[PDB]
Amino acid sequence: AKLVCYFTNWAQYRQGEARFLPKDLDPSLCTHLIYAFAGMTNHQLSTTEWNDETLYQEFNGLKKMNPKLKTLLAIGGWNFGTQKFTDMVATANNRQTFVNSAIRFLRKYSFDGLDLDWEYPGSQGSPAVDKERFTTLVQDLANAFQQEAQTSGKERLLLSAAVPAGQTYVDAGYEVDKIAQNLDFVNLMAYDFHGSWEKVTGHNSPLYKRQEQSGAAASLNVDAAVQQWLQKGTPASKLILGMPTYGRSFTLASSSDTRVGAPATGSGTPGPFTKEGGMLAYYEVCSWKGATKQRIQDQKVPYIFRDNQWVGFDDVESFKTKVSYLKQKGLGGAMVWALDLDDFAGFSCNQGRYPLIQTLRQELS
């Protein structure tokens, strides 16, 4: 089974014990490590931090300690946008310029593959035409990757993509059945189902829906996301189930109504280390004494509150539940975002180093 874990090249700027660099990485924790994120300049793959080349080397150098490990470079991301993607896949000359740079870039830095993270083709400013242009991009990469392997005589470069769970987005830009044939594995983003962008508290990653949910609202859970990608044609073994080492917070309109579905006046106080209201690292949810942990029985995930602060998150338990759920589904494995937000150095949760992902590795193996 696969355990695809994401490293992020901006965690390095967090303060104190929250700072994360390749040295905080465990070469054996995951089967595949994906480096987030690499951008694009003139239709080509490029760095995004002043020290990506140094990081790239330490990142991939980890394979000297674990030759079984596979590393990939992720291009895109939420904040990346759609512009540069839509423009790069618009002309053959551009697609080919990108592909050739991807290959040369990945090989130069010792990456084993590329993880496409276009959020998302077919929306957010992306013309519905990009739905089929994406598919072409995938085929182009796959084809070039296959050809190169034979000429260079090296392990063929791997091709993956981070994909949305929403029904609306899959229909809008993904030719599921067709891309699945060319993607070595699909990284399903089964989270962000609920967030502070809503007026009511909801869980970031509920495994199942709540009895009181119907219609489109009943699809906002992992299972729906999974059943969906399978039905549309994804071999269960290529579908990797994503899980978050972060949770989503809300500020309660009143601390008297703390249930899931209660009135939220907006995002929760930013985390002292993550400093991005509405989300929190697992290790930030740990430093909470005097809080109250619940359990959304129907969705098999927890959440905690203290005064006007409510946060739905994942713990060692829900992670075990989820690892167990995917097994039953015959999925290819688990995906986690991000190594970065777990208690990677056992400095806050008192459960050791990488409490959550370690749970994943042990449960999966």
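Numbering starts at 1 and runs along the sequence shown.
- Note on 145-153 vs 113-121: mean CA B-factor is higher in 145-153.
- As the entry records it, the average C-alpha temperature factor is higher for 40-48, out of 328-336 and 40-48.
- Between the residues 160, 201, 71, 94, the entry's highest C-alpha temperature factor is the one at 94.
- Per the deposited coordinates, the residue with the largest Cα temperature factor out of 274, 294, 187, 251 is 294.
- Residue 235: CA B factor lies in the middle third for its chain, per the PDB record.
- Per the PDB record, residue ranking by Cα B-factor puts residue 310 in the middle third of the chain.
- Split the chain's modelled residues into thirds by C-alpha temperature factor. Residue 103 is in the middle one.
- Annotation for residue 207: CA B-factor lies in the middle third of the chain's modelled residues.
- Placement of the Cα temperature factor of residue 280 within the chain: lowest third of the modelled residues, per the deposited record.
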